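Just the one chain here, laid out as structure tokens, in the form deposited in one PDB entry.
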């Protein structure tokens, strides 16, 4: 029913509307703002405005292609099918002029949309209306009717008047730059791709119009004996032969190849050729510019990784490091970053709490399932530890811990193997999902066995200040870490007295 048509002129509820205004409670307020204004106003983001702009764009490219050819290569632009086509394609561009008095303008000053008739009618007439009117009315047929109540000059002047219809190109530029931002906001296609597909449309269009101009000036001069058409003896050839040749001549100038058969011979030809050369050669330089901007946007991640790693060689060479040590540094960069560039501490800081909580669970589900102390704890404790772990990598043969130092960290093994070493201990191994380094952080003493990486291993580490911050909020968990610690100190025979005293009569 007609109420579904009355709903087509107000703003919609597609994801663009939500991105521009926020929640549905902002969209439904702006939707009433329209309905409570004057008798009809079209919202610039309405489905009606958007389908109208597509109907215009599809028809307007057709008109900017056909009109130059129908003016240039034909006599009798007052015959039946041309009178029908130019009348029909005048009405739609005149309805478009009417609807621009009743469309709400977006403001570059970032306000709410102007959305009122007395503001819109004043804002439009002070801008594009002078070009929009001249390009809409049939000035050539109006002039022909006024002059209707020797004669060959009238056919030349009405040809020159009819070319005012090319000013539609202003609407093609205005409607693309608005319609493009809606698609570019919603569908995320890259800047240089969109800019190139606009510029390829302009190159072909300027080239097509030049390929008409190069024949139109000879025609308005009545084919003088010195011009290219008369020297090539092609005044009476079919229109497709003449057009194919004039377009070849026009794009030969643009791509800088030559000028067709021979160099210009007359004054008109000389000055049309130079204008075409300048417009062509300055337009192809803008294409080389956009091609360069495209190519440099595509390798961004690879380039930034190379530009980062080249800076490490500046440091290694300034300190004059040995060639085997350079290899350990180069190899570590492959195992820690896998050729990808990012800054984890910068990205994780822009996300809110509940995304950061979800990502930091997914990286660690192997520990949470495999390791016994997390597997039965309250989930508000497990998320209090996993949010404070930091990620580290060790190469085979490196010591993570040495005996007789102090403090700072403990480690959980995400992947790989680490060995535990002490006097008279023989040897011992820790696999994936286990943890080490807790004794120094509980007892406040020195370290009691060395630990060494047996394969390329991924560890998560927890610092002494963060470890106490978690356990002070959950004192039931400290007893679990202590009742594991006292058992490990029994196997190694170290039997430390302060922890054994700290457990008694709990």
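Between two forms, the rigid core is defined as the largest C-alpha subset superposing within 1.5 Å. Residue numbers count along the first chain shown, from 1.
The same protein also has a form deposited in another entry, omitted here; what follows describes it.
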Option from 87, 92, 373, 173 moving between this form and the one not shown, CA shift at or above 2 Å, rigid core reference: 373
Is residue 427 one of the residues whose Cα moves 2 Å or more between this form and the one not shown, with the core superposed? yes
Is it true that residue 447 shifts between this form and the one not shown by 2 Å or more at the Cα, once the core is aligned? yes
Does residue 416 shift between this form and the one not shown by 2 angstroms or more at the C-alpha, the core having been superposed? yes
